[PDB]
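S.K.: Sequence, then the experimental structure. Questions to follow.
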Amino acid sequence: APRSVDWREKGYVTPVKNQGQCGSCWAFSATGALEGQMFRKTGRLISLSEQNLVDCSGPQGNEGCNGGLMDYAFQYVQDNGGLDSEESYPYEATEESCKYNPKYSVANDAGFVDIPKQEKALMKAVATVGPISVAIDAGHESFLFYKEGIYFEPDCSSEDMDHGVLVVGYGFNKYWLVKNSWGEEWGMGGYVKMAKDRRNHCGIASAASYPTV
Ligand SMILES: *C(=N)CNC(=O)[C@H](Cc1cccc(-c2nnc(C=N)o2)c1)NC(=O)c1cc(C(C)(C)C)nn1C
């Protein structure tokens, strides 16, 4: 693992998206992690369908706009044998019936991995595998109103994490490079430098995973 990683400079990452008012952060988180692992194996970056996850991942456990888990999404992809592109299956910030069509699938996986709960373990996964799906405690107006700098909230938890995002790299005092799903208008062009190697700040390590590809 090096001193800094930016997986964006290497093709693994698509633009920042906006979840609307739907509470789907787990679909975005999970399509981003699948995005860069699909890039890894195939060398083509393709936008994936967050709506497909929202309408269809119920059987695995996700409650659409009421909530979900990244882990359950990858597990949908596995069980169902695919995900659709965003071309074919566009995002409507709304829960509806499943309109999956294999004739338009472009990603798949054989399950997921749960990274041990350590920041040293998180660093190394990011360093070797790609961007990783994580879950942090956004539950503060501080995070909501973040514009720029090394985000560090004095009263942030390490145990409960309410919001699933994407670690696309890290840098250097030191920071995790985090892609959110609240549009490019939020924070730093949609990204937020989260504090790194500080008693598991905002639980970023606590629940990191990625799709087996
Ligand atoms: C986003 N706008 C709304 N947030 C959620 O839906 C969160 C995201 C989240 C938080 C904490 C962990 C995870 C996650 N994903 N994989 C893993 C474990 N390796 O952890 C995702 N969702 C929840 O808080 C949530 C959803 C549920 C279900 C669907 C099981 C009821 N339970 N929780 C706690």
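M.R.: On my side now, so go ahead. Residues are numbered from 1 along each chain as shown.
S.K.: can you list the residues of this structure near the ligand?
M.R.: Listed as neighbours of the ligand in the chain under the rule C-beta under 6 Å from any ligand atom: 23, 25-26, 61-63, 67-71, 114, 135, 161-164, 207, 209. C-betas here are computed from N, CA, C, even on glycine.
S.K.: Among those, name the ones in strands.
M.R.: Mapping the residues of the chain next to the ligand onto strands (DSSP state E) picks out 114, 135, 163-164, 209.
S.K.: Show me which pair in those is furthest apart.
M.R.: Distances among those were taken as C-beta to C-beta; the most separated pair is 114 and 163, at 18.1 Å.
S.K.: So if I had to pick from these two, which one is more boxed in?
M.R.: residue 163 (20 against 10; other C-beta atoms under 10 Å).
S.K.: can you count the residues close to the closest residue to residue 114 other than its chain neighbours?
M.R.: Computed as C-beta to C-beta, 6 or more residues apart in numbering, the closest residue to residue 114 that is not its neighbour in sequence is residue 209, at 5.1 Å. When neighbours are counted by other C-beta under 10 Å, residue 209 registers 24.
S.K.: try the one 4 residues further on
M.R.: Other residues within reach of residue 213, judged by other C-beta under 10 Å, total 22.
S.K.: Spatially nearest residue to it (excluding sequence neighbours)?
M.R.: The nearest residue in space to residue 213 (C-beta to C-beta, 6+ apart) is residue 37, at 4.1 Å.
S.K.: which SS state does that neighbour fall under?
M.R.: Secondary structure assignment for residue 37 (DSSP: H, G, I helix; E, B strand; the rest coil): helix.
S.K.: distance of it from residue 186?
M.R.: To residue 186, residue 37 is 25 Å away according to C-beta to C-beta, to the nearest Å.
S.K.: again, but for residue 13
M.R.: Taken as C-beta to C-beta, the span from residue 13 to residue 186 is 17 Å.
S.K.: Specify which residue of these two has the higher count of neighbours.
M.R.: Legend: neighbour count by other C-beta under 10 Å for residue 13 and residue 186, higher for residue 13 (23 against 19).
S.K.: Got the phi and psi for the more buried one?
M.R.: phi -130, psi 140 (degrees, to the nearest 10).
S.K.: Contact partners for it?
M.R.: Neighbouring residues of residue 13 by C-beta atoms under 8 Å, 6 or more residues apart in numbering: 7, 32, 35-36, 45, 131, 168, 179.
S.K.: Please report the distance of it from residue 21.
M.R.: According to C-beta to C-beta, residue 13 and residue 21 sit 24 Å apart.
S.K.: Relative to the ligand, which residue of the chain is the closest?
M.R.: Nearest residue of the chain to the ligand (C-beta to the nearest ligand atom) works out as residue 25 at 2.5 Å.
S.K.: My guess is that residue contacts residue 17. True?
M.R.: No: with contact defined as C-beta atoms under 8 Å, residue 25 does not reach residue 17; the gap is 10.8 Å.
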